[PDB]
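Undergrad: Experimental structure and sequence below, a few questions after.
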Amino acid sequence: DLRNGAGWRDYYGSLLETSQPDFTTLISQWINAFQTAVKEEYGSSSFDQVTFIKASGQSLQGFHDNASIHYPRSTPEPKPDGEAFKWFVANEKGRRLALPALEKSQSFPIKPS
RNA sequence: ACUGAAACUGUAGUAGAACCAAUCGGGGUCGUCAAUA
């Protein structure tokens, strides 16, 4: 039950019941008001190409390449001793790769070397 | 070449009116640490 202040002046105008407006005609308009504002202030031809929007979208959607999500480790299995630090050791002596951009959806290799 | 006497500083009057103990905060989560040989 969303109404602007004009719609609340009507609601508080009477102690009798009165029609609420149908917000579902407007929801798409409000979303477009948001989306166009993002296109305009974070200059883009598309809303979906705005970098924090594309990044946020990839977060909510998850990664498409079906690579598993897990902390860096130098072995497919989670081995019981959990030496996740030694992927970072291999990365330091290896290709020194950084955490890829979220909107790029790039996986790490298990051997960062 | 005579102390004046007698007379409640009392009577009426609400320390009260107004004021939100409140604003913000995912019980959350990854690679570091040590320095030589």
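TA: Perfect, thanks for sending it. Numbers count the residues shown, from 1 in each chain, chains lettered A, B, ... in the order given.
Undergrad: Can you tell me which residues in chain A are near RNA strand B?
TA: Contacts of chain A with RNA strand B, taken as C-beta under 7 Å from any atom of the strand, map to A:71, A:72, A:82, A:83, A:84, A:85, A:86, A:88, A:89. All C-beta spots, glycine's among them, are computed from the backbone N, C-alpha and C.
Undergrad: one more time with 10 Å
TA: A:59, A:70-73, A:78, A:81-89, A:91-92, A:99 (C-beta under 10 Å from any atom of the strand).
Undergrad: Give me the buried entries from those.
TA: Neighbour-count burial (16 or more other C-beta atoms under 10 Å) is assigned, among these, to A:73, A:87, A:91.
Undergrad: Now tabulate those residues in a markdown table and tack on secondary structure.
TA: Shown next, in a markdown table, are those (DSSP: H, G, I helix; E, B strand; the rest coil):
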| residue | secondary structure |
| --- | --- |
| A:73 | coil |
| A:87 | helix |
| A:91 | helix |
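Undergrad: Looking at those, which one is closest to RNA strand B?
TA: Ranked by distance to RNA strand B (C-beta to the nearest atom of the strand), those are led by residue A:87 at 7.4 Å.
Undergrad: Against residue A:57, how distant is the closest one?
TA: 28 Å (C-beta to C-beta, to the nearest Å).
Undergrad: likewise residue A:94?
TA: Distance of residue A:94 to residue A:57, given as C-beta to C-beta: 31 Å.
Undergrad: repeat for residue A:78
TA: Distance from residue A:78 to residue A:57, by C-beta to C-beta: 29 Å.
Undergrad: contacting residues for residue A:98?
TA: Contacts for residue A:98 (C-beta atoms under 8 Å, 6 or more residues apart in numbering) come out as none.
Undergrad: On the three-state scheme, it is what?
TA: The assignment at residue A:98 comes out as coil when based on three-state DSSP.
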